[PDB]
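# A structural walkthrough
One-letter residues, chain by chain:
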Amino acid sequence: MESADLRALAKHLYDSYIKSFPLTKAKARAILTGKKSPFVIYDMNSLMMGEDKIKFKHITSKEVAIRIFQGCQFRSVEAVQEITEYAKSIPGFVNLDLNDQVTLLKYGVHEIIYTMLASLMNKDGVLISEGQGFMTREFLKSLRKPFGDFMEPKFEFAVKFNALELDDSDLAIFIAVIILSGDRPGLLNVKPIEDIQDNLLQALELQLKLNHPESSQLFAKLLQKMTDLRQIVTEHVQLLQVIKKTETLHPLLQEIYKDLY
Amino acid sequence: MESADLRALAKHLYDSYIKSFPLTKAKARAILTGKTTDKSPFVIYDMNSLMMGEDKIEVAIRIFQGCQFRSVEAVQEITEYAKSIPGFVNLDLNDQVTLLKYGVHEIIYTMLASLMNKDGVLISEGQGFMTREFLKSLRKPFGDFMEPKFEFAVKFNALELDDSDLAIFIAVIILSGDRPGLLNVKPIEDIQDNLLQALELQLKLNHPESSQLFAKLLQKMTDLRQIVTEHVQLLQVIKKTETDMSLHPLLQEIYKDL
Ligand SMILES: [O]C(=O)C1=[C][C]=C(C2=NN(C(=O)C3=C(Cl)[C]=[C][C]=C3C(F)(F)F)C3=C2[C]=C(Cl)[C]=[C]3)C(O[C]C2=[C][C]=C3O=[C]OC3=[C]2)=[C]1
Ligand SMILES: [O]C(=O)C1=[C][C]=C(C2=NN(C(=O)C3=C(Cl)[C]=[C][C]=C3C(F)(F)F)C3=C2[C]=C(Cl)[C]=[C]3)C(O[C]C2=[C][C]=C3O=[C]OC3=[C]2)=[C]1
């Protein structure tokens, strides 16, 4: 006497996920498998050609590794706003205390950006600019100093996450579960947050059983990935703090990126 | 993939848990909630009571070594329990070691919660109770080393698991295919899938009113991973101050490359 409601919730989230995000996993997989050919960035010279060709919006430090890093930051700021908009479509979310809405987004966005970045990645590289560009793993990993080692962990996660072979309809519910985490620091009213999460968890369970009937305990396996997510976001923050203390932007830019650096 | 067999696995693990671990949650809760004359613990809440306690059943170090001794015994008990998990002893021996190496700390924390309430922890097989305020007020780094165990336990215990639930939960933790340096992930995940199926049915039957308890329990495996990380880091920092500190080889070996 709830199954229909769970399927309704799944479809509602799917529909909103398609509206909120620029490039779906389905579209990104078509591009990556070669099934409208993207510009490939595999080295310095092709980077320089790519910024002319694929019309990047973050280019104004002239050093390459920094300009790539900054472009990741620029795209992360856009994703935060797309996730924020997506969250508003989650049933019950806008009815929560306003401070709790801000807390949930603040502590959730990093985990969601990682998850969704996996949709744009394979073992060889990552889609950029809505699938119009493709930057190689080897190029990113081979950037100097801390920057190479900052990039590679994202791929290491993606490769593992992608082995679950989730589609967009699965991810739309998963992302919602992450946002509605009752254990975030400083939440004023945990009860309604866990009540919503319980519904989303039910919807994700049924979704995964219907969409992947042959993949046993996929639900559990997906929940275990929340462990990898928490871990890598912690590492992330630590790597950023090291970048800050070593690398020597306009105060307004600093202010725009304060959340992500 | 057949309930009868999932229930059979749950009974097997429960029975083995009872054999391997001295002090169950059921017994600990009976001691903590009291109402009984026969099982009443001596309570240690300060230095004098500690002194009387040692007659009846540096201070921060002696307490630390008390915790350490019990952790070593726990590793031994967990190791014995692991062998009873169907399929575990059949795995590559290196993987066996790796699963125990990365699994034992998460299990110690989980099972320590059974011995705790918000005000303290059972010790000496339930014959003692040492207060949280005493432990937290130990000097230097030691106070802050003790307190996070209680902070976890309070949250974990809110789930109200019983021993029959924990037996399966602990098995799930051990059979984690994502541990670093595992040679053969597949047969580990095959066992885990069975344990997960057994856990899900156990929780549905034993807690039918508790919605998505399965999912909430798996989300606690996230807390565990993080708390073990912090534990290891703080223990490493305590080593670089304390020479009067020494770790049993079993623990020392687990911490190398943890
Ligand atoms: O959904 C998308 O389209 C999306 C989402 C995330 C990234 C991306 N973010 N990021 C972070 O570190 C990061 C991450 Cl996970 C999480 C939070 C904050 C940050 C941060 F710190 F930035 F604020 C990365 C990222 C990608 C890589 Cl490969 C490595 C690190 C992204 O990146 C596209 C991209 C690649 C090379 C370029 O080179 C120039 O512009 C580029 C844009 C896309
Ligand atoms: O199953 C049990 O019976 C059990 C299991 C774990 C502990 C315990 N360990 N520990 C550690 O740090 C610790 C932990 Cl989690 C894991 C690995 C290594 C260590 C270590 F670092 F030791 F090597 C603690 C522990 C307890 C607290 Cl409250 C705080 C830290 C335990 O402790 C009972 C105890 C309390 C006060 C006393 O005071 C004298 O003896 C005592 C025994 C029991």
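Procedures and definitions
- Residues numbered from 1 in each chain as written, not as in the entry; some residues may be left out.
- Chains lettered and ligands numbered in written order.
- Heavy atoms only, no water.
- Residues with missing side-chain atoms left out of burial classes, pairs and counts.
- UniProt positions renumbered as here; feature names shortened; annotations may be inferred.
- 1 Å grid on protein atoms, 1.4 Å probe; cavity = no way out; pocket = protein on both sides within 12 Å on 5 of 7 lines; lining within 4 Å.
- Points joined across faces, edges and corners; volume = space filled by probe spheres on them.
- Helix = DSSP H or I, 4+ residues; strand = E, 2+ residues; numbered from the N terminus.
- Nonpolar A, V, L, I, M, F, W, Y, C, P; charged D, E, K, R; others polar.
- Buried < 20%, exposed > 50% of the residue type's maximum accessible area, 1.4 Å probe, protein only.
- Contact = heavy atoms within 4.5 Å.
- Pairing = 2+ DSSP bridges.
- Near = heavy atom within 4 Å.
- Polar contact = N/O pair within 3.5 Å; in protein donor to acceptor, adjacent residues only side chain to side chain.
- Areas by Shrake-Rupley, 256 points an atom, 1.4 Å probe, with all protein chains shown as cover.
- Core = buried A, V, L, I, M, F, W, Y, C linked by side-chain atoms within 4.5 Å.

As summarised from the PDB record, the model derives from X-ray crystallography at a stated resolution of 2.10 Å.

The name that the PDB entry assigns to chain B is Peroxisome proliferator-activated receptor gamma, with the source organism given as Homo sapiens. What the PDB record gives as the title of this entry is "Human PPAR-gamma ligand binding domain in complex with LW76". As recorded by UniProt, the Sequence similarities comment attached to chain B reads in full: "Belongs to the nuclear hormone receptor family. NR1 subfamily."

Under the annotation held in the PDB entry, chain A carries the name Peroxisome proliferator-activated receptor gamma and is attributed to Homo sapiens. Recorded in UniProt under Sequence similarities, the annotation for chain A is "Belongs to the nuclear hormone receptor family. NR1 subfamily."

Estimated volume of the largest cavity: approximately 30 Å³. Of all the elements in the fold, those that place two or more residues in the lining of the largest cavity are α10 (218-246) of chain A together with α10 (213-239) of chain B. For the lining of the largest cavity, the element with the most residues is α10(A), which contributes three residues. A class-by-class count of the residues in the lining of the largest cavity yields one nonpolar, two polar and three charged.

All names here are of chain A. Mapped onto this structure's residue numbering, the UniProt feature "binding site: rosiglitazone" falls at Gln73, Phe74, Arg75, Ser76, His110, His236 and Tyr257. Residue classification places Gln73 among the buried positions, given a relative accessible area of 10%. Among all residues touching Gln73, those that are not within four sequence positions of it are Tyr257, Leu260 and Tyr261. For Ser76, the position within the fold is in helix α4 (residues 64-88). Judged by relative accessible area, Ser76 falls into the buried class, the value being 19%. Look past the residues within four positions of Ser76 in its chain and what remains in contact with it is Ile113 and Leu260.

What follows covers the pairing of strand β4 (residues 128-131) of chain B. Residue and element names in this part refer to chain B. Of the two faces of β4, the one lined by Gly128 and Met130 and the one lined by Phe129 and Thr131 are each fully buried. Both strand β3 (residues 120-123) and β4 contribute to a ladder of four bridges, which runs antiparallel. Note on β4: the bridge partner recorded for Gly120 is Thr131. Linkage of β3 to β4, two consecutive antiparallel strands, is achieved through a turn of four residues, within which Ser124 is found at a positive phi near 50 degrees.

Moving on to the interface of chain B and chain A. Every contact between the two is made by 15 residues of chain B and, on the other side, 15 residues of chain A. For the side of chain B that touches chain A, the secondary-structure elements that each account for two or more residues are α9 (185-206) and α10 of chain B. Looking at the side of chain B that touches chain A, the element that brings in the most residues is α10(B), giving seven residues. Within the side of chain B that touches chain A, the residues separate by chemical class into six nonpolar, six polar and three charged.

Now for the site of ligand 2. Residue and element names in this part refer to chain B. Lining the immediate surroundings of ligand 2 are 24 residues, of which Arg70, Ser71, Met130, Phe145 and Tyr255 lie closest. A distance of 3.0 Å separates a nitrogen atom of ligand 2 from a polar atom in the side chain of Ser71. Its free accessible area being 780 Å², ligand 2 has 94% of it covered by the protein chains. Counting only elements with at least two residues in the shell around ligand 2, the list comes to α4 (59-83), α5 (93-114), β3, α7 (142-157) and α11 (249-255). For the shell around ligand 2, the element with the most residues is α4, which contributes seven residues. Looking at side-chain class alone, the shell around ligand 2 contains 17 nonpolar, five polar and two charged residues.

Below, the discussion takes up the nonpolar core. Counting residues in each nonpolar core, the largest one holds 166 residues, and the members touching the most others are A:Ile90, A:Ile179 and B:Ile174. Tallying contributions element by element places α10(B) first for this core, with 12 residues. Ignoring any residue separated from it by four or fewer positions in sequence, one finds A:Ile90 in contact with A:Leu13, A:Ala176, A:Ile179, A:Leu180, A:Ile196 and A:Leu200.

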